[PDB]
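Fold and contact review
Letter by letter, the chains look like this.
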Amino acid sequence: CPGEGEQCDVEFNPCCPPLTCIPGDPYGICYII
């Protein structure tokens with residue numbers, strides 16, 4: 001799984017830490033909303 005300042009997916013590879021995946025369509029970066 002990824003972390004803060006890394007890319008993430010909203011299908012199989014979500015953000016491990018309590019962070020958000022933005023944009024996340026399909027992929028994105030782990031940011032705080």
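Residues numbered from 1 in each chain as written, not as in the entry; some residues may be left out. Heavy atoms only, no water.

Per the deposited record, solution NMR is how this structure was determined.

Structural notes on the overall build of the protein chain
Within the protein chain one finds zero helices and three strands. Mapped in sequence order, the helices and strands of the protein chain form the string β-β-β. Its C-alpha atoms put the protein chain at 15 × 15 × 10 Å along the principal axes. Taken over 33 residues, the protein chain has a buried fraction of 30%. Within the protein chain, contacts between residues at least 6 apart in sequence are counted, and of these 11% link residues at least 24 apart. (Helix = DSSP H or I, 4+ residues; strand = E, 2+ residues; numbered from the N terminus. Buried < 20%, exposed > 50% of the residue type's maximum accessible area, 1.4 Å probe, protein only. Contact = heavy atoms within 4.5 Å.)

What about the environment of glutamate 6?
By the element assignment, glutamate 6 lies in the segment before β1 (7-9). Expressed as a C-alpha distance, the spacing of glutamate 6 and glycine 28, which sit 22 residues apart in the sequence, is 8.3 Å. Look past the residues within four positions of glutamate 6 in its chain and what remains in contact with it is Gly28, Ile29 and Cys30. There is a polar contact of 3.4 Å between the side chain of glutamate 6 and the backbone nitrogen of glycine 3. (Polar contact = N/O pair within 3.5 Å; in protein donor to acceptor, adjacent residues only side chain to side chain.)

Description of the pairing of strand β2 (residues 20-23)
Direction of pairing for β2 relative to strand β3 (residues 27-31): antiparallel, over a ladder of four bridges. Paired with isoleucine 22 across the two strands is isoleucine 29, which belongs to β3. Two successive antiparallel strands, β2 and β3, enclose a turn made up of three residues, where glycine 24 displays a positive phi of approximately 80°. (Pairing = 2+ DSSP bridges.)

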